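One chain is shown next in structure tokens, namely the form deposited in one PDB entry.
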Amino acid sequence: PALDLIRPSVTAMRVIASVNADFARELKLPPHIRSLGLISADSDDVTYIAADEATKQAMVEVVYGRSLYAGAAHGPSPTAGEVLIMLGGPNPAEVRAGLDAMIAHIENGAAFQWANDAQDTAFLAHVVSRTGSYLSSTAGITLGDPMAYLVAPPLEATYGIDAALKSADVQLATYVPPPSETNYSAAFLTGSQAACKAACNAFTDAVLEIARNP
């Protein structure tokens, strides 16, 4: 398989209609957020893309979210996948909605792709066409702007990144040097959206280059 999509799956999900007040204080949750949606999943960068997407479909924001040390392959149980997102809303109906934009997007939104027919190397070269509060809460991102979200193993990623800046006028806005918790590297770029698509292509060209050879 060329760059056949990798179908992420949801690993667990629950809503706390009404957080205990004590647990809530420990979370630093605003007064306006008394319901939480919790969601685990197979693929972490995708789940962070679904989360942000939930921020646009519903009235929620992500209270929390972080990944697992050596990936889902190594996860501590079939439940935790390799991410945990914690959405907060003013009530349970808003949070359900955010939960369902997240599921529909994890199952059928952004996706990693195989780097090689051998399906032992994966990557993500995905245009987020309009950013919500999650992705745009990060340094230097404008709310509502387009963005590229690029991920690949360490050497793959560094090269492919360079390649991308060289292929399209974009702005490297964020760079996770190589060892993220899951052991990949990523960066966020910005510019137009037809450019975050020129950029998005050279990155995959460069990841496919290393796979086949480098």
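Numbering starts at 1 and follows the sequence shown. The term rigid core refers to the most C-alpha atoms you can superpose between the two forms while keeping them within 1.5 Å.
This protein has a second form, the form deposited in another entry, left out of what is shown; the following refers to that one.
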Superpose on the rigid core and name the single residue from 104, 80, 127, 143 whose Cα moves by 2 angstroms or more between the shown form and the other one. 80
The CA atoms of residue 18 and residue 77 move 3 Å or more in the other form, ending up farther
Do residue 92 and residue 80 move together or apart in the other form, judged by C-alpha distance changing 3 Å or more? farther
